[PDB]
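The block underneath contains the structure these notes are about, expressed in structure tokens.
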Amino acid sequence: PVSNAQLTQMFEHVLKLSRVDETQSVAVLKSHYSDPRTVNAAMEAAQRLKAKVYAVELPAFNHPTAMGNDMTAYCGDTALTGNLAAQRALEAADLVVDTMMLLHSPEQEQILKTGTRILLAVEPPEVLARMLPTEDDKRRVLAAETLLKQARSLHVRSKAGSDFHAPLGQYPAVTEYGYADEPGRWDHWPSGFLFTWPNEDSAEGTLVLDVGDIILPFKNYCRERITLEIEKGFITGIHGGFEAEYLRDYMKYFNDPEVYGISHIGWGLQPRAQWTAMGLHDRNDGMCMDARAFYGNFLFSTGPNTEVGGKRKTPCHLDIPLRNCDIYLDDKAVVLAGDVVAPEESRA
Amino acid sequence: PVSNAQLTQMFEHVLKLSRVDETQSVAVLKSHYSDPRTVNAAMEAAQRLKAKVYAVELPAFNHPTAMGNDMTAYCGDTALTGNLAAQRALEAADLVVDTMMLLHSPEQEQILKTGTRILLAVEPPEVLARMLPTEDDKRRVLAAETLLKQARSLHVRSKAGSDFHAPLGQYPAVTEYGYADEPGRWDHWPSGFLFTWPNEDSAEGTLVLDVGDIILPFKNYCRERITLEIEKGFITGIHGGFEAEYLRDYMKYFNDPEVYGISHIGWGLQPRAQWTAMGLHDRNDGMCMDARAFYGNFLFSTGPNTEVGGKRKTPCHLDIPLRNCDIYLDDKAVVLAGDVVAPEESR
Amino acid sequence: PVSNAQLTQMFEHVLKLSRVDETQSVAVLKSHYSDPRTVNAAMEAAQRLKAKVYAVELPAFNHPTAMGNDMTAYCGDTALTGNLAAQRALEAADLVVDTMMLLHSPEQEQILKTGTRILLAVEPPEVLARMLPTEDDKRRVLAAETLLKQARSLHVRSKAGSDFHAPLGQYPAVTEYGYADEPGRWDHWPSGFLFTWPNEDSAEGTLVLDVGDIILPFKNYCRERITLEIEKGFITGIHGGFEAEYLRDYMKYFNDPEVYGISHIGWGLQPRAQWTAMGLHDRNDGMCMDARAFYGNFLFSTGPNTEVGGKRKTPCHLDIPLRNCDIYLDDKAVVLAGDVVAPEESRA
Amino acid sequence: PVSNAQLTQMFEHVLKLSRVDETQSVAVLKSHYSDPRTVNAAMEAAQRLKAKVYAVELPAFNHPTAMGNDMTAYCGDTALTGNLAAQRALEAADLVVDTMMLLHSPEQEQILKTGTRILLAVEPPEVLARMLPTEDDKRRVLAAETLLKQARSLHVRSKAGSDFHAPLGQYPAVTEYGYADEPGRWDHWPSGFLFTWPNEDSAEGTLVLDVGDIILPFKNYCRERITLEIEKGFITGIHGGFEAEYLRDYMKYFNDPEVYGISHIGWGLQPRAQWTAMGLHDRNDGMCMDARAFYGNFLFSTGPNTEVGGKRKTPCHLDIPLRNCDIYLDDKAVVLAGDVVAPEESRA
Amino acid sequence: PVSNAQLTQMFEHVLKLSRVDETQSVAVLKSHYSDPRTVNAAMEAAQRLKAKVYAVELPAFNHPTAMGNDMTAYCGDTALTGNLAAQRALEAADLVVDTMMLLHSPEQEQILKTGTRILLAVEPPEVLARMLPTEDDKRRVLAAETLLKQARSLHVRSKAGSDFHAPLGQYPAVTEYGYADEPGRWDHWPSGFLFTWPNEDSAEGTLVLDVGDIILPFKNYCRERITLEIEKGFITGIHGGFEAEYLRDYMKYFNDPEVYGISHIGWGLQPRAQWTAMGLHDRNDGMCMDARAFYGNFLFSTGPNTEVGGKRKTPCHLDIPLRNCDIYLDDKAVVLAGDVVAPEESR
Ligand SMILES: [Fe+3]
Ligand SMILES: [Fe+3]
Ligand SMILES: [Fe+3]
Ligand SMILES: [Fe+3]
Ligand SMILES: [Fe+3]
């Protein structure tokens, strides 16, 4: 386990990579459920870098219909919704350390538009240490991003039966390499992956959750296959046994056709993230960045796409990483059988 | 997540539904393992309603042979057993907010017999907020109870193979609608369901735990079927694969034939409870009232029944909700394929 | 003693008097030394009034040369000095509940000038309850302020030998009635008094600390007389025995001729404040608002006057209430032998 | 659950069995993640027995590459590595209560070599109460030990297809019966089992994890079989469906052939431990001594063996108990179909 | 006030003055009453300097007959008396940060004889910051010590009537400059003063506590004079008004003639310490190192001298600083009218 002293040293490293120095102001955003050891380490480390530091504490926002403790489960209103003063309190900072998980939401976008940069840090200290961000991780993700920006389409195949086509061009490519060095940029310690969105009403085919694939926020390894049939950018069919029935029930609960929309699509570039990691944890340990970032995954998501100017505001959000996939940009392979093959400068 | 201010507001709402005002005294019952946020919310809410409040703290009571942290798992002695002074300090109050989970017991029965009412509140704040009680839930539950009170039998059928018959008449109906408004009432925030017990030595047939059905306190979704054979009110056969072997091994550990007795039988009337909720939580988050109360479930239980004056006092306790069942009172359906059909006022 | 539930109810009362409702944003300002019970009561009461609430936490600022724990002791820089982001986080709010004691500083002044109002709340809960603010206190203090705003001079006599003259006109009158209802305005729960500053270089004569008079932050009842001789707005002589020597030593330690300047002058209008209260407390309990506000005192201060555009930024600050005084505005008595006599509408 | 009073009485019972009295010194070793109720009960109980007591707190040692919170998962350096002062602070004591889980290490070995005794106590109080140690447990385990010490081979068979042979003689028998009564003794409250190591490069055959068998630290009941092929003391094949792929991916993570080595092999003598217990718990509750200790299990381990002077110091460590096994010492059965049959004096 | 981050930085500064680096082990010694913020800052500062750090927690030791919370008040047994294992756990370390205050004792003497050095840090963080140690303070104190080691007598006069003679030679000089850089060194953050002991049975004359002089641990400014008559090293007369009566009654309570023995004698070299500071604090804020160390004081003490091998073991312990004194070493003034004059290097 990580000592307090070590956790402060980790935050000094990551805040330095985030370009925090005596010219910079740092806001540590927190709520009653934020990890106090992480809040303290962030506040202390920023002071040690001679930054101007303050904490902003928001009362927790409850979604009555939300189930489970995972903050990614319910993307609706947040503690900032209608709270312009608190938003201005974050906009005043050069860098916000988010320890409460501001959903990508309209208010977070305006903060980023002022040139404030935002670093999410919510995973437990031991997970923060295993995937301590590096400039080399930035280099590899940005190399990958060069290909993604150039792509007119993304295609996924797998032996299990994935056969999925996403026309690209309408939406930007987004990177997460673990540190918030650029003004107006959001990132997540820990991370190391990239994604875009398909063009409106355009994603088509089949995505198969094989045995051993993951649904977040369920934080289960599939023991039975689930087939997702996609037409015009929407899931139209969810087929399998029990796990398929559980997924259909959960998605129906929200009573909104928007939950079936395909949102972000991309691949994982983090070799310190591990597909096996989730099964050594309890659900409430964190949001499982290991499952989202692991090297060579294909990661897709469902529901809201508001954050890049899409139509869909729906709260129901799933992140689904698939293993063993072939991933093409315009029929050049970036991943084959779950190993990163291109570009050469993105490989571990 | 639920803020401290919102949790106090929720306790104000539920204590009002529970008829707490400045004439009433409230005892907040806790042990070392009680959620301090919930305790503080109940104490503050009661003071704001100008009630006469105090907290009662008991040393935790340990069952040395009990496995796991779920306090429904081992039904024996409580912190109240042989503690008459502690029992009288709770009897003094109009309303007890139980944050430590006093199991049903002759001591809790005696508290309720003084007219004191008891509200259990142990689930996490977020769950308490999702199933915040309503007068509407009490009306629907009492509409169901009217039908159950007059029933002479209960019958369960499922496509998976359930075919279960329980003659009624010997035992009363119990409601749980989330609040403790009546003197001598016990209730549980959250809830929204009702049950009774089968006549002695009478329950008969097959109950199939299908893929997806749940055992409490294991808190797992069955990935294989378990077939229960029941004769004269007792499970005489448990068949299937691994889940069946696990359940057999767990029930044998108590070395007590009373573990196999069918206790309460009922259905769920809580639409804000969800069959899917359990899979989003860790085991220690709570006792999973979602699984017990979700709308259209059939809920049966095993082990002790001395809370209704039955013969069995065994500590081994299971709660097993089944989905997609047909539930009949005397050949009138109250649930079909897991949807509540009757009475209309309960839907 | 005061329960948590009662402390929250007191904050609902005071924030309502302070015009907090669903149209308003409230920042609760704190540091590590703030009372957590008061912070929580403020945060919760604001939430109950449906205000948009957030807390702002600043790292404690230390004055190495400062002695004792009394924040009023050392009026130098604060946690806001060169922390413009933190200052903007406070300016964002309609009302700041100050639980860390932002001295009267160029920064507080700037926040007030944006329209933000500020309520200081640092005394212990039992003291907050004894002097829970009323609209009637506001009425009495504003009735007194009418006469002060009409005055061209202030004069103090006492049997012990006070004979003190202060020309007025250059500086404004300031009230503290316990709540922050008016935009751009600072107040302190608890209070109930008013003051102004003498014209530059003009205050003259003698102020005598009699047996039983008080020096803050020493928090002592004088057991020997101290005579202060004042010329052209400055103490030129401090005479007596031991208490006089202690005071000379304390003031000399600051090595700054500015500490001897007379700052604010006024009288006490709080009958719920008591001259005897300090003797029932330890020093660290609070800053002793009873000694500042008690009905019919004459209160004068030394040192900094930067807060109203005076020349003196000096950190050494004393507050000295005198009992049994005759206090005049021009030829009119407002207090005689320590009883408030005018105006009639200011009396208890 | 277990009250603070009952926890103190339990620690008095176990410290008495551990020969703590007024002649003895007890050190309670802790880190930031230690259960404070257990530390307090150990300190209080040692003082009730009139022993001299002190607590030693070490900073947490982190393994950056370790996954999950289970400290048995990663055998490397510890907080004692390069920390002779802390080692000597524990050597000063007659008995160390370890509430932080000092892994078997050269430094711990040096503590025991001085004569100091070590009791590990990290499982939750309720688990500590259910397997509260008895003199009778020690008797039964030592009776098993007298057979194990002279055995020349150990053999395992099951219906599921285990057929495993381990030549013995190179390595000692180790017992755990729940208390530290003898000088230089290490034991773990709770326990009740025993094991050896196979001769170097000698273990041969097949171990089948049947449906229901367990891997620690994964804390899963297998839902399909895993077949392990062992040649010359190493796993050379891992076969099944999902569990097998997950196990293979976990083990290859460490990029070290030592991970596949068979370490300790033994059987369980704790009837108060239960194979069903793990399924009622969350992963972070404890290390699941129930799974290691249950009466009639076969427990084998993988990875490091330097604790007995073997060659392997690899951090990757698995404990794997099997049910329903026949266990032979030479051609004398000690367990048949997961039931303990010999010695007679070892049975429950 | 001092932030957590600044308090760690202060410990970094003082541990570096104390020669803590990657090579050194640090034991942070605490009990239940130790300031957790100061303990945490010492642990974090030591880890940041890459020292091998551990904390040692001892059960508190109580003197049933001691009055007040000041631990200088009652010199006897400590948490280390009869706890050899705890003593060895501290001897294992290069440096001990004492946050619980071990009184001088045969056990602490034994720790220092191993080469272990000990830094006392128990005053509040704001006091630690006002008197943050400097090498300049060490140089000035050591300049004074050079002169003291050569002195054959110490003499005090004051206009208030002090006329006190102490022959020297028998006992060493002790410095406190705020940091534990040398092995076997004990020191105290904060400090900045030095003292010795009078030859056995030799101290003679009068010490007058003027109006404004202080008794520790009473922590009062005298409002009336107290005259101490001293013969052959012992207070024989205590005269004055109410402070004298209180002092007589306090010293009689110990029922022990050793309480009247004169122990250490010395002068203050800390200008950042202030005679006025005590009057701004509550008694429980700390020991009042300000009163002990302020520049140009004369500091004498009563009771035990066992720590330099004197005969007196008595627990009753007073520290009394006098203002405006003339202090002479054999004819050379080191202080005149409370101003440090010699050596020039010490000013
Ligand atoms: Fe997503
Ligand atoms: Fe039940
Ligand atoms: Fe003032
Ligand atoms: Fe092992
Ligand atoms: Fe002394």
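Residue numbers start at 1 in each chain; chains themselves are named A, B, ... in the order of the structure tokens; ligands are numbered from 1 in the order shown.
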Name the residues in contact with residue E:37 at a cut-off of 12 Å, using only C-alpha atoms, excluding same-chain residues fewer than 6 positions from it; report them as an NGL selection string. (:C and (32-33)) or (:E and (2-8 or 11 or 30 or 43-45 or 99 or 121-125))
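Near stretch 152-162 of chain C, within a cut-off of 6 Å and counting only C-alpha atoms, sit the residues residues 167, 168, 169, 206, 207, 208, 325, 326, 327, 328, 329 and 330 of chain C, with same-chain residues fewer than 5 positions away left out.
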Return as a PyMOL selection string the residues of protein, DNA or RNA that approach ligand 3 to within 7 Å, with only C-alpha atoms and all ligand atoms taken into account. chain C and resi 263-264+300-302+317-319
Which residues, written as a PyMOL selection string, have at least one atom at most 7 Å from stretch 278-285 of chain C, with only C-alpha atoms counted and residues fewer than 5 positions away on the same chain left out? (chain C and resi 69+124+219+291) or (chain E and resi 281-282)
Kindly export the residues of the current selection with N, CA, C and O atoms, as a short mmCIF file (atom, residue, chain, number, x, y, z; two decimals), in the first residue's frame.
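Below you can see result_18.cif, which holds the result:
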```
data_model
loop_
_atom_site.label_atom_id
_atom_site.label_comp_id
_atom_site.auth_asym_id
_atom_site.auth_seq_id
_atom_site.Cartn_x
_atom_site.Cartn_y
_atom_site.Cartn_z
N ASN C 69 -2.67 33.06 19.93
CA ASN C 69 -3.54 32.39 18.93
C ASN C 69 -4.59 33.38 18.42
O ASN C 69 -5.41 32.99 17.61
N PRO C 124 -17.42 30.98 19.75
CA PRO C 124 -17.98 29.65 20.02
C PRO C 124 -19.51 29.64 20.01
O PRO C 124 -20.16 30.66 20.30
N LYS C 219 -6.45 40.10 26.90
CA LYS C 219 -7.65 39.52 27.56
C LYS C 219 -7.42 39.51 29.08
O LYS C 219 -7.67 38.48 29.69
N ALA C 291 -16.31 41.97 25.18
CA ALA C 291 -15.48 43.10 25.66
C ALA C 291 -15.61 44.24 24.63
O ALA C 291 -15.68 45.40 25.03
N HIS E 281 -1.11 33.46 26.12
CA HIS E 281 -1.45 32.02 25.99
C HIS E 281 -2.30 31.57 27.19
O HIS E 281 -2.33 32.26 28.22
N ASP E 282 -2.97 30.44 27.02
CA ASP E 282 -3.52 29.63 28.13
C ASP E 282 -2.42 28.68 28.65
O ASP E 282 -1.44 28.35 27.92
#
```
Could you go through stretch 132-267 of chain A and tell me which residues DSSP, when run on the backbone, assigns to strand (DSSP E or B), listing them as a PyMOL selection string? chain A and resi 153-157+163-167+174-176+186-188+193-196+204-209+214-216+220-221+226-231+234-240+261-267
Which protein, DNA or RNA residues have an atom within 9 Å of ligand 5, counting only C-alpha atoms and all ligand atoms, as an mmCIF file with N, CA, C and O atoms, in the first residue's frame?
```cif
data_model
loop_
_atom_site.group_PDB
_atom_site.id
_atom_site.type_symbol
_atom_site.label_atom_id
_atom_site.label_comp_id
_atom_site.auth_asym_id
_atom_site.auth_seq_id
_atom_site.Cartn_x
_atom_site.Cartn_y
_atom_site.Cartn_z
ATOM 1 N N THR E 72 6.642 19.297 33.101
ATOM 2 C CA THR E 72 7.854 19.759 33.848
ATOM 3 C C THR E 72 7.605 19.809 35.363
ATOM 4 O O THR E 72 8.587 19.959 36.087
ATOM 5 N N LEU E 216 7.359 29.071 36.635
ATOM 6 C CA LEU E 216 6.899 27.890 35.893
ATOM 7 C C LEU E 216 6.941 26.739 36.890
ATOM 8 O O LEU E 216 7.943 26.554 37.570
ATOM 9 N N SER E 263 18.884 24.146 41.646
ATOM 10 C CA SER E 263 19.440 23.279 40.580
ATOM 11 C C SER E 263 20.040 24.183 39.502
ATOM 12 O O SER E 263 20.943 24.973 39.855
ATOM 13 N N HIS E 264 19.576 24.154 38.253
ATOM 14 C CA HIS E 264 20.329 24.828 37.167
ATOM 15 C C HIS E 264 20.237 26.353 37.300
ATOM 16 O O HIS E 264 19.316 26.871 37.964
ATOM 17 N N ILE E 265 21.272 27.018 36.798
ATOM 18 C CA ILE E 265 21.442 28.492 36.810
ATOM 19 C C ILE E 265 22.054 28.854 35.464
ATOM 20 O O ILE E 265 22.973 28.137 35.012
ATOM 21 N N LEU E 299 17.863 32.527 34.614
ATOM 22 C CA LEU E 299 16.957 31.381 34.816
ATOM 23 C C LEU E 299 17.597 30.502 35.861
ATOM 24 O O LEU E 299 18.717 30.046 35.648
ATOM 25 N N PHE E 300 16.875 30.284 36.946
ATOM 26 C CA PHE E 300 17.294 29.311 37.957
ATOM 27 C C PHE E 300 16.115 28.391 38.163
ATOM 28 O O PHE E 300 14.987 28.731 37.738
ATOM 29 N N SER E 301 16.405 27.288 38.820
ATOM 30 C CA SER E 301 15.499 26.141 38.974
ATOM 31 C C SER E 301 15.649 25.541 40.374
ATOM 32 O O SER E 301 16.747 25.721 41.006
ATOM 33 N N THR E 302 14.621 24.819 40.821
ATOM 34 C CA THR E 302 14.585 24.186 42.159
ATOM 35 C C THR E 302 14.372 22.681 42.015
ATOM 36 O O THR E 302 13.773 22.228 40.995
ATOM 37 N N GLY E 303 14.832 21.931 43.015
ATOM 38 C CA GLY E 303 14.491 20.513 43.202
ATOM 39 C C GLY E 303 15.572 19.568 42.668
ATOM 40 O O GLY E 303 16.750 19.699 43.022
ATOM 41 N N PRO E 304 15.187 18.586 41.810
ATOM 42 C CA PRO E 304 16.074 17.491 41.436
ATOM 43 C C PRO E 304 17.314 18.012 40.705
ATOM 44 O O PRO E 304 17.195 18.975 39.990
ATOM 45 N N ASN E 305 18.460 17.377 40.942
ATOM 46 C CA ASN E 305 19.735 17.622 40.205
ATOM 47 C C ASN E 305 20.382 16.256 39.907
ATOM 48 O O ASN E 305 21.553 16.208 39.499
ATOM 49 N N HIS E 317 9.538 20.563 40.933
ATOM 50 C CA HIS E 317 10.438 21.250 39.974
ATOM 51 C C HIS E 317 9.836 22.611 39.592
ATOM 52 O O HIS E 317 8.701 22.617 39.088
ATOM 53 N N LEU E 318 10.563 23.700 39.869
ATOM 54 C CA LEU E 318 10.210 25.062 39.429
ATOM 55 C C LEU E 318 11.308 25.571 38.484
ATOM 56 O O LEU E 318 12.499 25.262 38.725
ATOM 57 N N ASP E 319 10.917 26.357 37.487
ATOM 58 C CA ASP E 319 11.828 27.189 36.650
ATOM 59 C C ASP E 319 11.389 28.644 36.808
ATOM 60 O O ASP E 319 10.175 28.916 36.589
ATOM 61 N N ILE E 320 12.320 29.540 37.165
ATOM 62 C CA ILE E 320 12.019 30.963 37.514
ATOM 63 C C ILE E 320 12.978 31.850 36.737
ATOM 64 O O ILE E 320 14.150 31.921 37.085
#
```
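All of the residues in chain C within 12 Å of chain B are residues 3, 4, 5, 6, 7, 8, 9, 40, 41, 42, 43, 44, 45, 46, 47, 48, 49, 50 and 53 of chain C, where only C-alpha atoms were counted.
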Writer output for current selection, N, CA and C atoms, as a short mmCIF file (atom, residue, chain, number, x, y, z; two decimals), in the first residue's frame:
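Result saved to again.cif:
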```cif
data_model
loop_
_atom_site.label_atom_id
_atom_site.label_comp_id
_atom_site.auth_asym_id
_atom_site.auth_seq_id
_atom_site.Cartn_x
_atom_site.Cartn_y
_atom_site.Cartn_z
N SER C 3 -26.35 22.26 21.00
CA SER C 3 -26.37 21.05 20.14
C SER C 3 -26.10 21.40 18.67
N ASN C 4 -25.72 20.41 17.88
CA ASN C 4 -25.51 20.59 16.41
C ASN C 4 -26.81 21.07 15.76
N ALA C 5 -27.94 20.47 16.15
CA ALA C 5 -29.26 20.79 15.55
C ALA C 5 -29.57 22.26 15.84
N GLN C 6 -29.34 22.71 17.07
CA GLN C 6 -29.59 24.14 17.44
C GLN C 6 -28.62 25.07 16.69
N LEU C 7 -27.35 24.69 16.50
CA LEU C 7 -26.36 25.53 15.80
C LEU C 7 -26.84 25.75 14.36
N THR C 8 -27.29 24.68 13.69
CA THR C 8 -27.87 24.77 12.32
C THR C 8 -29.08 25.71 12.32
N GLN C 9 -29.98 25.59 13.29
CA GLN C 9 -31.20 26.45 13.38
C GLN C 9 -30.84 27.94 13.58
N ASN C 40 -20.09 23.17 9.36
CA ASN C 40 -21.17 22.22 8.99
C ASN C 40 -22.53 22.90 9.14
N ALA C 41 -22.77 23.61 10.25
CA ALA C 41 -24.06 24.30 10.50
C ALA C 41 -24.35 25.34 9.40
N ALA C 42 -23.34 26.09 9.00
CA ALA C 42 -23.43 27.12 7.95
C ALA C 42 -23.75 26.45 6.61
N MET C 43 -22.96 25.46 6.20
CA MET C 43 -23.17 24.68 4.95
C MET C 43 -24.59 24.11 4.92
N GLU C 44 -25.04 23.46 6.00
CA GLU C 44 -26.36 22.78 6.08
C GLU C 44 -27.49 23.83 6.07
N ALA C 45 -27.38 24.89 6.86
CA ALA C 45 -28.43 25.92 6.94
C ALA C 45 -28.60 26.56 5.56
N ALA C 46 -27.50 26.84 4.89
CA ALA C 46 -27.54 27.47 3.55
C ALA C 46 -28.32 26.57 2.57
N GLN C 47 -28.01 25.26 2.59
CA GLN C 47 -28.66 24.18 1.79
C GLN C 47 -30.16 24.14 2.12
N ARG C 48 -30.52 24.25 3.39
CA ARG C 48 -31.93 24.21 3.83
C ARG C 48 -32.66 25.43 3.28
N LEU C 49 -32.03 26.60 3.21
CA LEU C 49 -32.67 27.82 2.64
C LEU C 49 -32.66 27.77 1.10
N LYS C 50 -32.13 26.69 0.52
CA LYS C 50 -32.10 26.42 -0.92
C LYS C 50 -31.13 27.37 -1.59
N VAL C 53 -24.67 26.53 -2.43
CA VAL C 53 -23.66 26.59 -1.35
C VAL C 53 -22.37 25.95 -1.86
#
```
Using only C-alpha atoms, find the residues of chain A whose closest atom to chain D is at most 8 Å away, then write them as a PyMOL selection string. chain A and resi 1-3+126-127+129-130+211-212+223+272+276-277+279-282
Distance query residue D:93 at most 7 Å, only C-alpha atoms, self and fewer than 3 positions along chain excluded, as a PyMOL selection string: (chain D and resi 25-27+90+96+116) or (chain E and resi 85)
Residues as selected, N, CA and C atoms, written as a short mmCIF file (atom, residue, chain, number, x, y, z; two decimals), in the first residue's frame, can you do that?
```cif
data_model
loop_
_atom_site.label_atom_id
_atom_site.label_comp_id
_atom_site.auth_asym_id
_atom_site.auth_seq_id
_atom_site.Cartn_x
_atom_site.Cartn_y
_atom_site.Cartn_z
N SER D 25 7.42 -8.57 27.25
CA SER D 25 7.22 -7.31 26.49
C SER D 25 6.53 -7.63 25.17
N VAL D 26 5.49 -6.88 24.87
CA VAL D 26 4.70 -7.01 23.61
C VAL D 26 4.87 -5.73 22.80
N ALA D 27 5.24 -5.87 21.53
CA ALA D 27 5.18 -4.79 20.53
C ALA D 27 4.00 -5.07 19.60
N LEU D 90 11.41 -4.28 17.07
CA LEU D 90 10.57 -5.50 17.20
C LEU D 90 11.34 -6.61 17.93
N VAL D 96 5.63 -10.04 19.11
CA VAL D 96 5.12 -8.97 18.21
C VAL D 96 3.72 -9.40 17.78
N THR D 116 12.44 -13.77 19.65
CA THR D 116 11.14 -13.05 19.54
C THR D 116 10.11 -13.94 18.83
N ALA E 85 12.29 -2.86 26.86
CA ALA E 85 12.05 -3.15 25.43
C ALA E 85 11.76 -1.84 24.66
#
```
At a cut-off of 12 Å and counting only C-alpha atoms and all ligand atoms, what residues surround ligand 4? Please answer as a PyMOL selection string. chain D and resi 71-75+103-104+174+194-197+215-217+259+261-266+287+289+292+299-307+315-321
